[PDB]
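This report refers to the structure that appears directly beneath it.
2 protein chains.
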Amino acid sequence: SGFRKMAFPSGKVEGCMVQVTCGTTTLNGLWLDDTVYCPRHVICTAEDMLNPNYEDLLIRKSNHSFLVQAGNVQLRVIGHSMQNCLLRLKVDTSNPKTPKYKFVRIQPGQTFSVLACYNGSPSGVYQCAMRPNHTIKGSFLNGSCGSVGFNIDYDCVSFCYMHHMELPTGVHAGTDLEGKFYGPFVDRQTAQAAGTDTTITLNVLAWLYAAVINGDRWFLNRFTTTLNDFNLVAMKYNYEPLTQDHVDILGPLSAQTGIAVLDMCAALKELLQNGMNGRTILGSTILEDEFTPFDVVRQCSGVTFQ
Amino acid sequence: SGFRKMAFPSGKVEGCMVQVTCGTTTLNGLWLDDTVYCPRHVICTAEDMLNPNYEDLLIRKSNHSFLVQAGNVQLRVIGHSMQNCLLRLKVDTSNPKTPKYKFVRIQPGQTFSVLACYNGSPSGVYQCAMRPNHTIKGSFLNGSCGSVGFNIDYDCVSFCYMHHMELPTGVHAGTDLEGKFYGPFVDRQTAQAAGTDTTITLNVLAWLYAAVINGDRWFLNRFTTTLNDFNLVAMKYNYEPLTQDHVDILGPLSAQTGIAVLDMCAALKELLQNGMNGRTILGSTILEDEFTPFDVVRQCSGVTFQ
Ligand SMILES: *C(=O)c1ccc(N(C)C)cc1
Ligand SMILES: *C(=O)c1ccc(N(C)C)cc1
């Protein structure tokens, strides 16, 4: 029993974290095989930052412009190239700690673990959901550029996020491991701001199913709803529309609990309209949207507490 | 910016997790140097469980009663002994992945990271607070016996918790690494239940200081309070008494923010009496008590956003 924001064990990623310095700017990089990945930010100074031309900044660098340190060992850079908003630095040594891995671009509403790092040294680990508005509610200080997000599937580390910057409201933005930003954001100092966010309906529903698997039915009701009537309520409360694809994704959780998706939708509609009446669901006073259907299957028993 | 329940990176602990089997019972153990630690539960079957005499159960075992597996490698047991509620199994091989480490008994209100494990294989990591009533709000399924809790200080892994069992309300109980239970609990199937809990006043206060360091003052007021008058309100709302020792612990956070402890106490008293008026503090709709003063200093900037 229990239900917690649970990160993946971070060890396979810790063995990949290095420090990268160019001039006076230091940040974190990711060492896989004979390549180190890091934000292209590393070639900027504070004065470069309002209007940097990375192409023009980069051509002025040599391999030995870059200092890469894995603990006490210096890794010699023997090639560099820019790919979107990241640099790929080729180094003389292949990381013996490289795990089996993949690069994936995650979709909004999906979750991943973040290994917050400073000066190449891992410091903390927590789970994030990719918001609909392409930001994450992270916890990052100066020096955290190049901290990575990942999921782990069996042997294999799926890398999905490299951290870049903090937006005016204190949420965080970054890129996949091809260096393409999540969202409309750019690695420049501008007035850019996160767009209006929305609640991730499919996750809230997954989390209601979690509650039932764990033994709680207080919020269910005798009603059902159509997809359409549900979505009218969703629009009023700033929840994403429910789609048939999402209903289909909820199939296994519905089958384990014996509650039809559209019946759970009715329960949610009631919760939105009437509130929770001073009660909790899985320890929470609010409706939680930071767990995917997969996160629920991962963490909950396969046997419902009936 | 940001503020999250942040676990320590779990890698130094993952390299210590093994599987231990005796008869048909399997669970997790902790391999440090040439010793494996695990719950003494491993020598019980379901029928042993209502009234087990561990002394009597253990004397019937030999070293080769115990199967210890670190991945694909069998570790041969060459000695065993019982210490309170754990077994210490001496093995033929010293763990080459042993980190620098210490065993510590944590105090109620303190926090630690939990590496949830199954069959010797780490599966997730999250932060827990030791409740005043000596339980943790974990997330554990069958097979999680022997999952460990730890903090990391510089080089050094401070082990503080080995998981044993789940109580009737779904919260969790276990021991330090000397095998002594946190709380009045016993490793038997009885009607035992967690005692009445209380809110950890010192942590709530630390978390209010976190909010100010991160730039938010909405909940402050023009009032002060005496320790006594505060504690009368605390008693009404089931919060721990504030003590001068705790006020002293808050010294650094008070100095960084320029808010006197007893002035922050007044703000808390107002929040308790009047509620939060539909607002949030660090993203939360409720007063959070699962972060210590140390956790706040660890995660927040040393510079207040004034
Ligand atoms: C670190 O990688 C990084 C990247 C971008 C920015 N800004 C665009 C301000 C800051 C730090
Ligand atoms: C696993 O270590 C463990 C320990 C104790 C119990 N009970 C006392 C039921 C169960 C599992």
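Line by line, the protein sequences give chains A and A'. A prime marks a further copy of an entry chain. Take the first sequence: its position 38, counted from the start at 1, is 38 in the authors' numbering, and no numbers get skipped. Take the second sequence: its position 230, counted from the start at 1, is 230 in the authors' numbering, and no numbers get skipped. Even for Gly, the Cβ is constructed at its ideal location relative to N, Cα and C.
#1: Spell out whether any CB of chain A is found under 9 Å from the CB atom of residue 307 (chain A').
#2: Does the Cβ of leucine 115 (chain A') have 16 or more other Cβ atoms within 10 Å, making it buried, or fewer, making it exposed?
#3: Are the region 257-275 of chain A' and the region 200-217 of chain A' touching, with three or more C-beta to C-beta distances below 8 Å?
#4: How would you list, in chain order, the residues of chain A' whose beta-carbon sits under 8 Å from the beta-carbon of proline 122 (chain A)?
#5: Taking its Cβ as the centre, do 16 or more other Cβ atoms sit within 10 Å of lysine 12 (chain A'), making it buried, or is it exposed?
#6: Using a Cβ cut-off of 8 Å, pull out every chain A' residue sitting near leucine 115 (chain A), in sequence order please.
#7: Does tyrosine 118 (chain A) have its Cβ less than 9 Å from a Cβ in chain A'?
#8: With respect to 8 Å, is the separation between the Cβ of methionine 17 (chain A') and the closest non-hydrogen atom of ligand 4 below this value?
#9: Looking at C-alpha atoms only, which residue of A':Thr196, A':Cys265 and A':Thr226 is the closest neighbour of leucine 208 (chain A')?
#10: Evaluate the contact criterion for the region 122-129 of chain A' versus the region 4-20 of chain A: three or more CB pairs, one atom per stretch, below 8 Å.
#11: Please state whether DSSP places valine 20 (chain A) in a helix, a strand or coil.
#12: Cα-Cα, which of A':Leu227, A':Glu240, A':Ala206 and A':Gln306 is closest to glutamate 288 (chain A')?
#13: Do we get a CB-CB distance below 9 Å when we pair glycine 79 (chain A') with the residues of chain A?
#14: Using C-beta distances below 7 Å, list every residue in its chain close to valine 42 (chain A), excluding the 5 sequence neighbours before and after it, in chain order.
#15: Could you check if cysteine 22 (chain A) belongs to the surroundings of ligand 1, using beta carbon to heavy atom distance under 8 Å?
#16: Can you list, in chain order, the residues of the region 124-154 of chain A' whose Cβ is nearer than 7 Å to any Cβ on chain A?
#17: I'd like to confirm the pairing. Which residues does DSSP put opposite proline 39 (chain A') in its beta bridges?
#18: Taking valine 68 (chain A') as part of the beta strand (DSSP E), name the residues at either end of that continuous run.
#19: Check whether the Cβ of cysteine 117 (chain A') lies closer than 8 Å to any heavy atom of ligand 2, and answer yes or no.
#20: From the DSSP output, in three-state form, read off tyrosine 239 (chain A') for me.
#21: Going along chain A', which residues have a C-beta under 7 Å from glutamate 288 (chain A)?
#22: Within its chain, find whatever has a CB closer than 6 Å to the CB of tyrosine 54 (chain A); leave out the 5 residues flanking it on each side and keep chain order.
#23: Check whether the Cβ atoms of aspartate 263 (chain A) and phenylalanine 223 (chain A) lie closer than 9 Å to each other.
#24: Let me make sure I understand the geometry here. Which of A':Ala129, A':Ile281, A':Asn228 and A':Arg298 has the alpha-carbon closest to that of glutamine 244 (chain A')?
#25: Quick one: measure Cβ to Cβ for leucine 167 (chain A) and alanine 193 (chain A), integer angstroms, because I've assumed they're closer than 8 Å.
#26: When we look at the beta-carbon of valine 296 (chain A) and count the other beta-carbons within 10 Å, is it buried (16 or more) or exposed?
#27: Using a Cβ-Cβ cut-off of 7 Å (strictly less than) and excluding sequence neighbours within five positions of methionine 276 (chain A'), which residues of its own chain qualify?
#28: Using a Cβ cut-off of 7 Å, pull out every chain A residue sitting near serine 301 (chain A'), in sequence order please.
#29: Using a C-beta cutoff of 9 Å, does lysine 269 (chain A') count as contacting chain A?
#30: I'd like the span of the alpha helix (DSSP H) that includes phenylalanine 294 (chain A'), first residue to last.
#31: I want to see whether chain A comes within less than 9 Å of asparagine 231 (chain A'), judged by CB atoms only; does it?
#32: List the residues of chain A that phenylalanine 3 (chain A') touches, going by C-beta distances under 7 Å, in chain order.
#33: With a cut-off of 9 Å, does the C-beta of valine 247 (chain A) fall near any C-beta of chain A'?
Taking the definition as stated:
#1: The requested residue 307 (chain A') does not occur in the structure, where chain A' is confined to residues 1 to 306.
#2: The sequence position of residue 115 (chain A') within the second sequence is 115, counting from 1. Buried, because 16 or more other Cβ atoms sit within 10 Å of the Cβ of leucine 115 (chain A').
#3: yes
#4: If you number the first sequence from 1, residue 122 (chain A) lands on position 122. Ordered by position in chain A', the residues that pass the 8 Å Cβ test against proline 122 (chain A) are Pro9 and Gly11.
#5: Position 12 of the second sequence, counted from the first residue, corresponds to residue 12 (chain A'). So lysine 12 (chain A') ends up on the buried side.
#6: Stepping through the first sequence from its first residue, residue 115 (chain A) is reached at position 115. Chain A' residues near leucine 115 (chain A): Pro9.
#7: The residue given as residue 118 (chain A) occupies position 118 in the first sequence. No Cβ of chain A' is located within less than 9 Å of the beta carbon of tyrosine 118 (chain A).
#8: Absence of ligand 4 is noted for the structure shown, with ligand 1 and ligand 2 being the only ligands found.
#9: By one-based count along the second sequence, residue 208 (chain A') stands at place 208. Nearest C-alpha to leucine 208 (chain A'): A':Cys265.
#10: Result yes; three or more Cβ-Cβ pairs closer than 8 Å.
#11: Walking along the first sequence from the start, residue 20 (chain A) turns up at place 20. Residue state, collapsed to three classes: strand.
#12: As a position in the second sequence, residue 288 (chain A') is number 288, starting the count at 1. Among A':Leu227, A':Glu240, A':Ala206 and A':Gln306, the Cα nearest to that of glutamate 288 (chain A') is on A':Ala206.
#13: As a first step, residue 79 (chain A') must be located in the second sequence, where it is residue number 79. With its beta carbon at least 9 Å from every one in chain A, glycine 79 (chain A') lies outside the interface.
#14: Within the first sequence, residue 42 (chain A) is the residue found at index 42, counting from 1. Closer than 7 Å at the Cβ level, and outside the excluded window around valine 42 (chain A), lie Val20, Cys22, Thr25, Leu27 and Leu87.
#15: Residue 22 (chain A) sits at position 22 when you count from the first residue of the first sequence. Incorrect: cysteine 22 (chain A) has no Cβ contact closer than 8 Å to ligand 1.
#16: Within the region 124-154 of chain A', the qualifying residues are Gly124, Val125, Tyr126, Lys137, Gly138, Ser139, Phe140 and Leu141.
#17: The count along the second sequence starts at 1 and reaches residue 39 (chain A') at position 39. Looking at the DSSP output, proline 39 (chain A') bridges to A':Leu86.
#18: Within the second sequence, residue 68 (chain A') is the residue found at index 68, counting from 1. Unbroken beta strand (DSSP E) run through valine 68 (chain A'): 66-70.
#19: Position 117 of the second sequence, counted from the start, is the residue given in the question as residue 117 (chain A'). Distances from the CB of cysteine 117 (chain A') to the heavy atoms of ligand 2 are all 8 Å or more.
#20: By one-based count along the second sequence, residue 239 (chain A') stands at place 239. Reduced to three states, the DSSP call for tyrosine 239 (chain A') is strand.
#21: Mapped onto the first sequence, residue 288 (chain A) falls at position 288. Going along chain A', no residue has its Cβ under 7 Å from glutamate 288 (chain A), so there is no contact; the nearest lies around 11 Å.
#22: Start at 1 with the first residue of the first sequence, and residue 54 (chain A) comes out as number 54. For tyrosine 54 (chain A), where only same-chain residues beyond five positions count, the Cβ hits under 6 Å are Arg40.
#23: Counting from 1 along the first sequence, the entry for residue 263 (chain A) is found at position 263. Counting from 1 along the first sequence, the entry for residue 223 (chain A) is found at position 223. A contact, by the Cβ cut-off of 9 Å.
#24: Against the second sequence, residue 244 (chain A') aligns to sequence position 244. Selected option, being the one with the closest Cα: A':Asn228.
#25: As a working mapping, residue 167 (chain A) is identified with position 167 in the first sequence. As a working mapping, residue 193 (chain A) is identified with position 193 in the first sequence. Yes, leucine 167 (chain A) and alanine 193 (chain A) are in contact; Cβ-Cβ is about 6 Å, under 8 Å.
#26: Taking the first residue of the first sequence as position 1, residue 296 (chain A) is located at position 296. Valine 296 (chain A) comes out buried.
#27: For this step, residue 276 (chain A') is matched to residue 276 along the second sequence. A distance below 7 Å between beta-carbons, with the five flanking residues on each side excluded, links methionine 276 (chain A') to the following residues of its chain, in chain order: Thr285.
#28: Against the second sequence, residue 301 (chain A') aligns to sequence position 301. Within 7 Å Cβ-Cβ: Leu141.
#29: In the second sequence, the residue the question calls residue 269 (chain A') occupies position 269. For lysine 269 (chain A'), the answer is no, since every Cβ of chain A falls outside 9 Å of its Cβ.
#30: If you number the second sequence from 1, residue 294 (chain A') lands on position 294. That run of the alpha helix (DSSP H) goes 293-299.
#31: In the second sequence, the residue the question calls residue 231 (chain A') occupies position 231. No, because no Cβ of chain A sits closer than 9 Å to the Cβ of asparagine 231 (chain A').
#32: Reading the second sequence from its first residue, position 3 is the one you call residue 3 (chain A'). Those within 7 Å of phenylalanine 3 (chain A') in chain A are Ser139.
#33: Translated into the one-based positions of the first sequence, residue 247 (chain A) becomes position 247. Answer no: the Cβ-Cβ gap between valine 247 (chain A) and chain A' never drops below 9 Å.
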